[PDB]
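Colleague: sequence? don't have it. structure:
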Ligand SMILES: [Cl-]
Ligand SMILES: [Cl-]
């Protein structure tokens, strides 16, 4: 299992513009287009992202290219983040993937605000970090996904994704 396979499971793949869990225009493998309520705004952003007139739809290759870009960006973003870098550096491989997953979903800014959880992961207090992570809007709004990521941080294994 790897970060791509993990996010592919959590985000799914849609070749046509769609609304994410928060109602925002997205496409491909969880690639957010805009928070704006306008579908045209979304269509515009899409064309600009792909470099062609797509009229709301892309190919699997295009979706995967966006995905490659997005994962790269999340990692690099973590590495540039003063608050995130040290946590990421302290974690083992599997757990680093859980952190990337969150940053992919909420942005570096959002993740950076889980201060207490972050310190717990740095101190390797797995069970405590897991309880803290769950006391969040994130957990209440997307519980199934949040549970998979939290189990990953808790165990350092891929069990939560095994059989999906
Ligand atoms: Cl809460
Ligand atoms: Cl969910």
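Modeller: Thanks, I have it. Numbering: from 1, shown residues only. Ligands and ions are numbered 1, 2, ... in the order given.

Colleague: What helix or strand is residue 83 located in?
Modeller: For residue 83, there is no helix or strand it lies in under DSSP states H and E.

Colleague: how much space between it and residue 59?
Modeller: For residue 83, the distance to residue 59 equals 37 Å [CB to CB, to the nearest Å]. The C-beta positions use only the backbone N, C-alpha and C, and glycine is treated the same way.

Colleague: neighbour-wise, which of the two wins?
Modeller: Neighbour count, other CB atoms under 10 Å: between residue 83 and residue 59, residue 83 has more, with 15 against 12.

Colleague: Touching, that one and residue 119? I think so.
Modeller: No. Counting by CB atoms under 8 Å, residue 83 stays clear of residue 119, with 10.1 Å between them.

Colleague: so how far is residue 112 from residue 35?
Modeller: Taken as CB to CB, the span from residue 35 to residue 112 is 19 Å.

Colleague: Give the residue from these two that has the larger number of neighbours.
Modeller: Between residue 35 and residue 112, counting by other CB under 10 Å, residue 112 is the more crowded of the two (17 against 11).

Colleague: Surely the more buried one and residue 85 touch.
Modeller: No. Counting by CB under 8 Å, residue 112 does not reach residue 85; the two are 10.5 Å apart.
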